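Colleague: quick check, what structure comes out for this input:
(one chain, ligands or ions: 1)
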Amino acid sequence: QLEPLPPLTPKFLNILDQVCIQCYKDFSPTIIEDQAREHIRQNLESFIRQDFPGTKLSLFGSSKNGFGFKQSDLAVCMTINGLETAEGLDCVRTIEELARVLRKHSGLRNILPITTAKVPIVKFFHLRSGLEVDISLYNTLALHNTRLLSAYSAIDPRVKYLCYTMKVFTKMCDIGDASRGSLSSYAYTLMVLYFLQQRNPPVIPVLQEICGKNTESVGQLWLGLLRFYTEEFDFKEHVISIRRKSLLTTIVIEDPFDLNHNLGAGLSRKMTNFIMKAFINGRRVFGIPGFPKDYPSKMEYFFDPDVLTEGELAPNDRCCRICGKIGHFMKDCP
Ligand SMILES: [Zn+2]
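Modeller: Numbering: from 1, shown residues only. Provided below are the atomic coordinates:
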């Protein structure tokens, strides 16, 4: 059980609002930087068209879902006109050949074809913009997660404010990178939307079953989420599913389209405990009011890593002691 928090003063609550809103303005991309991502797509499409005529490239992921950061990886989906589907298409061979085509591009570095994962991709670094780029073939389920999240973000501005706040919180606690043992940005976003669907009154519906009645400020909702996932939610009798309103029985997070995909499947237990521990601290920092008269930056007070995680690193027992990423032993690392 947790220690109760004192009541919220309208002043401190007004400050929590500004912090949640600033998490969006400070770290979402500008319109010029989004246009720069579009220009990258156009010039890759023309370059690949030389060796794969009919190529069509589309941006998905953080680039288009309305929750991406600056310096987020640019995720590209590749299709070929006349090839309605990838049925029969040898994706590995295509990815490998694509990698060799891109090595002749003067603006790209560290071309890397990866066929390990479920979906093979080509990875490379783009110098003109300092972004990592991932090209995959016919990744339509990814483009559907994007269209779904993009729809929720446009229903209420508080959706984007909160998802960005969550994104800053997890990134600052070092618990928001799936490749290193923790949970992905997508997972933490689903936890946000799910909390908003379950809030009484609801802030967002379940678009997979089909109005502004919730009048709580973003600050109230942010702390509400921290108290929701720290005090009430039963993490192993209920499944975090934005798919529908009714509570689903068996951290478990269900992908709204791939219903066999549990986003928390690869979670250890000292990471699960480390994650929960970060939320309990956030509950304290954001819920318990010298502030504001001796702190030059409010961001640095609320998102202090030495307070949210108590000066401890994220566990990485699974991880290569050289790269720090999961997925391979210490012998086969780049
Ligand atoms: Zn490694």
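
Colleague: any idea which element residue 273 lies in?
Modeller: Residue 273 belongs to helix 269-287 when elements are defined using DSSP states H and E.

Colleague: so which elements touch that helix?
Modeller: Contacts defined by 3 or more Cβ pairs under 8 Å, 6 or more residues apart in numbering; DSSP states H and E place helix 269-287 against helix 157-173, helix 218-227, helix 298-302, helix 305-308. Every residue, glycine included, has its C-beta placed from N, CA and C.

Colleague: the same query, at a cut-off of 10 Å, please.
Modeller: Packing partners of helix 269-287 (3 or more Cβ pairs under 10 Å, 6 or more residues apart in numbering; DSSP states H and E): helix 10-25, helix 157-173, helix 218-227, helix 298-302, helix 305-308.

Colleague: can you dump the C-alpha atoms of it in PDB for me?
Modeller: Coordinates of the C-alpha atoms in helix 269-287 are reproduced here as PDB (Å, rounded to 0.1, in the frame of the first residue of the first chain):
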ATOM      1  CA  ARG A 269      10.600  -9.100 -13.300                       C
ATOM      2  CA  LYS A 270      13.400  -6.800 -12.000                       C
ATOM      3  CA  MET A 271      12.400  -4.500 -14.900                       C
ATOM      4  CA  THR A 272       8.700  -4.900 -14.100                       C
ATOM      5  CA  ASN A 273       9.600  -3.900 -10.500                       C
ATOM      6  CA  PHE A 274      11.900  -1.200 -11.800                       C
ATOM      7  CA  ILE A 275       9.100   0.200 -14.000                       C
ATOM      8  CA  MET A 276       6.500   0.200 -11.200                       C
ATOM      9  CA  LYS A 277       9.000   1.800  -8.900                       C
ATOM     10  CA  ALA A 278       9.500   4.700 -11.300                       C
ATOM     11  CA  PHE A 279       5.700   5.300 -11.400                       C
ATOM     12  CA  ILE A 280       5.400   5.400  -7.600                       C
ATOM     13  CA  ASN A 281       8.100   8.100  -7.500                       C
ATOM     14  CA  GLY A 282       6.400  10.000 -10.300                       C
ATOM     15  CA  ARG A 283       3.200   9.700  -8.200                       C
ATOM     16  CA  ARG A 284       5.100  11.400  -5.400                       C
ATOM     17  CA  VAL A 285       6.900  14.100  -7.400                       C
ATOM     18  CA  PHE A 286       3.800  15.100  -9.400                       C
ATOM     19  CA  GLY A 287       1.300  14.700  -6.500                       C
END
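
Colleague: what residues sit buried inside that helix?
Modeller: When burial is assessed from 16 or more other Cβ atoms under 10 Å, helix 269-287 yields the following buried residues: 271-272, 274-275, 277-279, 281-287.

Colleague: so which of the helices and strands packed on helix 269-287 is nearest the ion?
Modeller: Of all these, it is helix 157-173 that lies closest to the ion, at 21.5 Å by Cβ to the ion.

Colleague: mind listing what's buried in the closest one?
Modeller: Residues of helix 157-173 classed as buried under the neighbour-count rule (16+ other Cβ under 10 Å) are 158-173.

Colleague: geometric centre of the chain: which residue is closest?
Modeller: residue 185 (2.0 Å; Cα atoms, centre = their mean).

Colleague: who's in contact with that residue?
Modeller: Residue 185 is in contact with 61-62, 65, 67-69, 72, 163, 166-167, 170-171, 176-178, counting by Cβ atoms under 10 Å, 6 or more residues apart in numbering.

Colleague: residues of the protein that sit close to the ion?
Modeller: By the criterion of Cβ under 5 Å from the ion, the positions of the chain lying close to the ion are 320, 323, 333.

Colleague: pull out the buried members of those residues.
Modeller: For these, burial is judged from neighbour counts taken by 16+ other Cβ under 10 Å, and it is met by residue 320.

Colleague: just the ones of the residues of the chain next to the ion in strands?
Modeller: Helix and strand membership here follows DSSP state E; of these, not one is in strands.

Colleague: list just the nearest of the residues of the chain next to the ion to residue 17.
Modeller: residue 323 (39.9 Å; Cβ to Cβ).

Colleague: OK, contacts around the spatially closest residue to residue 49 that is not a sequence neighbour?
Modeller: Distance criterion Cβ to Cβ, 6 or more residues apart in numbering; nearest residue to residue 49, sequence neighbours excluded, is residue 55 at 5.0 Å. Under the criterion of Cβ under 10 Å, 6+ apart, the neighbours of residue 55 are 44, 45, 46, 47, 48, 49, 78, 79, 80, 81, 98.
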